[PDB]
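Chemist: Please read through the structure below; I'll follow up with questions.
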Amino acid sequence: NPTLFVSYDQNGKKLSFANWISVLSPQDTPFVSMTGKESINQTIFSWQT
Amino acid sequence: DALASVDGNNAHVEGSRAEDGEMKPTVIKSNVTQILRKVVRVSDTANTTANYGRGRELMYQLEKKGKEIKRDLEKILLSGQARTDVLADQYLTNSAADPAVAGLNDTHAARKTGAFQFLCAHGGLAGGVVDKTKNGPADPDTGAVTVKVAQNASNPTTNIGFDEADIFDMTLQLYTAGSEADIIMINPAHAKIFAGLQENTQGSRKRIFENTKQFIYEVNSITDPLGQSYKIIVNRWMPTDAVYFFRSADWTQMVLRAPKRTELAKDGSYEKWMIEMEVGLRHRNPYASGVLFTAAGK
Amino acid sequence: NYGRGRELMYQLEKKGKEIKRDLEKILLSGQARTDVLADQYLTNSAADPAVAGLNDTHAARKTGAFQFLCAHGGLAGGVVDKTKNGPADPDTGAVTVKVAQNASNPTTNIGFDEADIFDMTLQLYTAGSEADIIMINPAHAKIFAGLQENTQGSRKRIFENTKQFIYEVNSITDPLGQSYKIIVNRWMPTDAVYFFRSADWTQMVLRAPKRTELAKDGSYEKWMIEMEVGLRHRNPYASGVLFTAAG
Numbered sequence: 020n021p022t023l024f025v026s027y028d029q030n031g032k033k034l035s036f037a038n039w040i041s042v043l044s045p046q047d048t049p050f051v052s053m054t055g056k057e058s059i060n061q062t063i064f065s066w067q068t
Numbered sequence: 062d063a064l065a066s067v068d069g070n071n072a073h074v075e076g077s078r079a080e081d082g083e084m085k086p087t088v089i090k091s092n093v094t095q096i097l098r099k100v101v102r103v104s105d106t107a108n109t110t111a112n113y114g115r116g117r118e119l120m121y122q123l124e125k126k127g128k129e130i131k132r133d134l135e136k137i138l139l140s141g142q143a144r145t146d147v148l149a150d151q152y153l154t155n156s157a158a159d160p161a162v163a164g165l166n167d168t169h170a171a172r173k174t175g176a177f178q179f180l181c182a183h184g185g186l187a188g189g190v191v192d193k194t195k196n197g198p199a200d201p202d203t204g205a206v207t208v209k210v211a212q213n214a215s216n217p218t219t220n221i222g223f224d225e226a227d228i229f230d231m232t233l234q235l236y237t238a239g240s241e242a243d244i245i246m247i248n249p250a251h252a253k254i255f256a257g258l259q260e261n262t263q264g265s266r267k268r269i270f271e272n273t274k275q276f277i278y279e280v281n282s283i284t285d286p287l288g289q290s291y292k293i294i295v296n297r298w299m300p301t302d303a304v305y306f307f308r309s310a311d312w313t314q315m316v317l318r319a320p321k322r323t324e325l326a327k328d329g330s331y332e333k334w335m336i337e338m339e340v341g342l343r344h345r346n347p348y349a350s351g352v353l354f355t356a357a358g359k
Numbered sequence: 082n083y084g085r086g087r088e089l090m091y092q093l094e095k096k097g098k099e100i101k102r103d104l105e106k107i108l109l110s111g112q113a114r115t116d117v118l119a120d121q122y123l124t125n126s127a128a129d130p131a132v133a134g135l136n137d138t139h140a141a142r143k144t145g146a147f148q149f150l151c152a153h154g155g156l157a158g159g160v161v162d163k164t165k166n167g168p169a170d171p172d173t174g175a176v177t178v179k180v181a182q183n184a185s186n187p188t189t190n191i192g193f194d195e196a197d198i199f200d201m202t203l204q205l206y207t208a209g210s211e212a213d214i215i216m217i218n219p220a221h222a223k224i225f226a227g228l229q230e231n232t233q234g235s236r237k238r239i240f241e242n243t244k245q246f247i248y249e250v251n252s253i254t255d256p257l258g259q260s261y262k263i264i265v266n267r268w269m270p271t272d273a274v275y276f277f278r279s280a281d282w283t284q285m286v287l288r289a290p291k292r293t294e295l296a297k298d299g300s301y302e303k304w305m306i307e308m309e310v311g312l313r314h315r316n317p318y319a320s321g322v323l324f325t326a327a328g
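Chains as they are written, first to last, in the working numbering: chain A, 20 to 68; chain B, 62 to 359; chain C, 82 to 328.
Here it is in structure tokens:
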């Protein structure tokens, strides 16, 4: 029941909900982008040198 | 919000059950607005005359004030005030109200917005302004520090500037966090630094001239070792104690009450007017822009 | 309620990206090959007699990272050692795993070498390696820009009445004619430098990442993501690793 209307005496204060969320975590992954993928069928693979 | 830094070396067995992960919530930011005002008062007599190089004393004085308010705005948004306000921990106000300061009146203090420095990764405060003698914290996920106190160890104590190498250190911090800053706003008094990249103790991209009739001595574009191309901009209303690394899209001006016409009472040969507008400032992420303070050398 | 719609799909996307972030970090971390099997390929007798019976009490597995698959020359526990130089190639006289001597840049700062880097390109040239890339953490990219013109003296990098500033080096030419290409990696460790070639490394995929809803048994609404992959390296001496050590 404020006599002098101000912002600090209002029982309302309907908050302003922004329509976005900020994120900066990058996912460049330069190595994984240049390696190449080869499908296998065993948990262990071997090669000779 | 930001992803988790639990990357580590997660290794799981083949025949186990899904164990509960590590979930972290978001983080809410909040900034208050500030009230700008410019008053006008001119006696009816002076407003009735016809000046020798203009019209009425009212509109002319109003236009002069309508421009000063914009200058005051540009200087405040770029200031380092600490968002002076009386409220505290009352933004998620859903379970109850705040009657602590409800039995008050215009005696309330003056509200202030969170300027460029306060919205960034500030390390501390100085009562009402951000403290430049403290190095800001680091992001939880990344390890970037967008608030770095220049060392200036390269340059002597005679000239102050901020540094020549500390400019490249911020680009590293921004890239480390993932920011897309591409602008470097600077005070005109410090432009001699970005142009005067010399005085590096005989090294580091010093200088040369091919005896030409053109002398420029200016640096507008910059590229860092990582590839981030930056463009230097000068702002007359910027302070001379810090440099800003930011992006236009990562900032917005929150306007609540726009400037409008306000005719007030007279009380006798006063013809009083007033200008007023409430505006705030926003920042998508404190770690999306850099602030390079200035300090002496060795 | 208002404002806060859902947190299920949002969290799935977050996890969908985190799993990839970990992969780029694990392959370049330097962990050690972990497994419960050993020398079970030439006995021509059976897979393993002594490991059978344990259903899920087994220990986790680890993939040979960039360092393990190279001529590391010793381990410091669960991760490759960053101090002991790799073993010299028996055929050639090459050593692809070295340690920065830190001649200049006194011990006041860690100071990754910034010099004698052409030695590694020599070790590679001596080993027939076709390395053409130098993956490095951005925390040490300035050392390559200073390689342009610092030389602790008068080399006089020039302006030529220009306003554009570059001070960036991304390509180098070895004295032996080997032209390399510098690349920045945010997930690389701040104490290593990888000289290699892309074609010499393959990604062995066994279980591609896939979402699978699990049982509820209440209001849990449990979800998970899982992927099984490995790393391959044609020849250890086909790539090099240069650590950083002050003193």
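Note that CB positions come from ideal geometry on N, CA and C, so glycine has one too.
For the alpha helix (DSSP H) containing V51 (chain A), list its first residue and its last residue.
Modeler: Unbroken alpha helix (DSSP H) run through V51 (chain A): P49 to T54.
Chemist: Identify the contact partners of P45 (chain A) in chain B, using a Cβ-Cβ distance below 8 Å as the criterion.
Modeler: Here the neighbours are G239.
Chemist: Determine whether the Cβ of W282 (chain C) lies closer than 8 Å to any Cβ atom of chain A.
Modeler: Yes, because at least one Cβ of chain A sits closer than 8 Å to the Cβ of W282 (chain C).
Chemist: Alpha carbon to alpha carbon, how far is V25 (chain A) from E339 (chain B)? Give it in angstroms, no decimals.
Modeler: Their Cα atoms are separated by approximately 14 Å.
Chemist: Specify whether the region 147–158 of chain C and the region 297–317 of chain C touch according to this definition: at least 3 beta carbon pairs, one from each stretch, less than 8 Å apart.
Modeler: Touching, per the Cβ criterion.
Chemist: Look at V208 (chain B) and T194 (chain B) and say whether their C-beta atoms are less than 8 Å apart.
Modeler: Not in contact: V208 (chain B) and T194 (chain B) (Cβ atoms no closer than 8 Å).
Chemist: Within its chain, find whatever has a CB closer than 7 Å to the CB of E294 (chain C); leave out the 5 residues flanking it on each side and keep chain order.
Modeler: Only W304 meet the Cβ criterion.
Chemist: List the DSSP bridge partners of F276 (chain C).
Modeler: Its beta-bridge partners are C:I215 and C:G321.
Chemist: Using a C-beta to C-beta distance shorter than 9 Å, which residues of chain D count as neighbours of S41 (chain A)?
Modeler: Of the protein chains in this structure, namely A, B and C, none is chain D.
Chemist: Quick one: does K32 (chain A) have its CB under 8 Å from some CB of chain B?
Modeler: So yes, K32 (chain A) belongs to the interface.
Chemist: By the 9 Å beta-carbon criterion, what residues does the region 288–314 of chain B contribute toward chain A?
Modeler: Listed by position, the residues of the region 288–314 of chain B near chain A (Cβ gap below 9 Å) are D311.
Chemist: Could you tell me which of C:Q233, C:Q229 and C:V250 sits nearest to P219 (chain C), measuring between CA atoms?
Modeler: Looking at the Cα atoms, C:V250 is the closest of the given residues.
Chemist: Could you pull out every residue in the same chain whose Cβ sits closer than 7 Å to the Cβ of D133 (chain B), ignoring the five residues on either side in sequence?
Modeler: Closer than 7 Å at Cβ, skipping near neighbours: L97.
Chemist: Taking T273 (chain B) as the query, report the chain C residues whose CB atoms sit under 7 Å from its CB, ordered along the chain.
Modeler: Within chain C, the residues near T273 (chain B) are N242.
Chemist: Closer than 7 Å by beta-carbon distance: list the chain C residues that pair up with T68 (chain A), in chain order.
Modeler: In chain order: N316.
Chemist: Helix, strand or coil for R297 (chain B)? Go by DSSP, reduced to three states.
Modeler: Residue state, collapsed to three classes: coil.
Chemist: With a 10 Å radius around its C-beta and 16 neighbouring C-beta atoms as the bar for buried, classify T48 (chain A) as buried or exposed.
Modeler: By the neighbour-count rule (16 or more Cβ atoms within 10 Å), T48 (chain A) is buried.
Chemist: Show which residues of chain A have a CB atom less than 9 Å away from the CB atom of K98 (chain C).
Modeler: Within chain A, the residues near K98 (chain C) are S44 and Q46.
Chemist: Is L153 (chain B) buried or exposed, if buried means 16 or more other CB atoms sit within 10 Å of its CB?
Modeler: With fewer than 16 other Cβ atoms within 10 Å, it is exposed.
Chemist: Could you give the residue range of the alpha helix (DSSP H) that holds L205 (chain C)?
Modeler: Element bounds for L205 (chain C): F199 to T207.
Chemist: CA-CA distance, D243 (chain B) and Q289 (chain B)?
Modeler: Approximately 7 Å, taken between the alpha carbons.
Chemist: Check this for me: beta carbons of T284 (chain B) and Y248 (chain C), under 8 Å apart or not?
Modeler: Going by C-beta atoms, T284 (chain B) is nearer than 8 Å to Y248 (chain C).
Chemist: For chain A, find out if any of its Cβ atoms is closer than 8 Å to the Cβ of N166 (chain B); answer yes or no.
Modeler: Chain A, which has a Cβ nearer than 8 Å to the Cβ of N166 (chain B), makes this yes.
Chemist: According to the Cβ coordinates, are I293 (chain B) and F354 (chain B) closer than 8 Å?
Modeler: No. Outside cutoff.
Chemist: Cβ of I306 (chain C) within 8 Å of Cβ of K96 (chain C)?
Modeler: Their beta carbons are under 8 Å apart, which means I306 (chain C) touches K96 (chain C) by this criterion.
Chemist: Starting from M315 (chain B), follow its DSSP beta bridges and name the residues at the other end.
Modeler: Partner(s): B:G341.
Chemist: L135 (chain C) lies in the alpha helix (DSSP H); which residues open and close that run?
Modeler: From DSSP, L135 (chain C) is part of no alpha helix (DSSP H); its letter is neither H nor E.
Chemist: In chain A, what lies closer than 9 Å to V160 (chain C) by C-beta?
Modeler: Near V160 (chain C) there are no residues of chain A at all, since even the closest Cβ is about 18 Å away, more than 9 Å.
Chemist: Within 8 Å (strictly less), CB to CB, does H169 (chain B) reach chain A?
Modeler: It does; some Cβ of chain A falls within 8 Å.
Chemist: Can you list, in chain order, the residues of the region 70–91 of chain B whose Cβ is nearer than 8 Å to any Cβ on chain C?
Modeler: The residues in question are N70, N71, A72, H73, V74, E75, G76, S77, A79, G82 and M84.
Chemist: Residues in the same chain with beta-carbon distance under 7 Å from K106 (chain C), minus the five sequence neighbours each way, listed in chain order, please.
Modeler: Here the set comprises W268.
Chemist: Using a 10 Å radius around the Cβ and a threshold of 16 neighbouring Cβ atoms, would you call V191 (chain B) buried or exposed?
Modeler: Label assigned to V191 (chain B): buried.
Chemist: If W282 (chain C) sits next to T54 (chain A), beta carbons under 8 Å apart, how far is it from one beta carbon to the other, in whole angstroms?
Modeler: Sure, about 5 Å apart at Cβ, within 8 Å.
Chemist: Just to confirm, are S110 (chain C) and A133 (chain C) a CB contact at a threshold of 8 Å?
Modeler: No. Outside cutoff.
Chemist: Let me see if you follow: with CB-CB separation under 8 Å, is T174 (chain B) close to chain A or not?
Modeler: With 8 Å as the cut-off, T174 (chain B) does not count as an interface residue toward chain A.
Chemist: If distances are taken between C-alpha atoms only, which option among B:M84, B:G116 and B:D227 comes closest to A214 (chain B)?
Modeler: Among B:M84, B:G116 and B:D227, the Cα nearest to that of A214 (chain B) is on B:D227.
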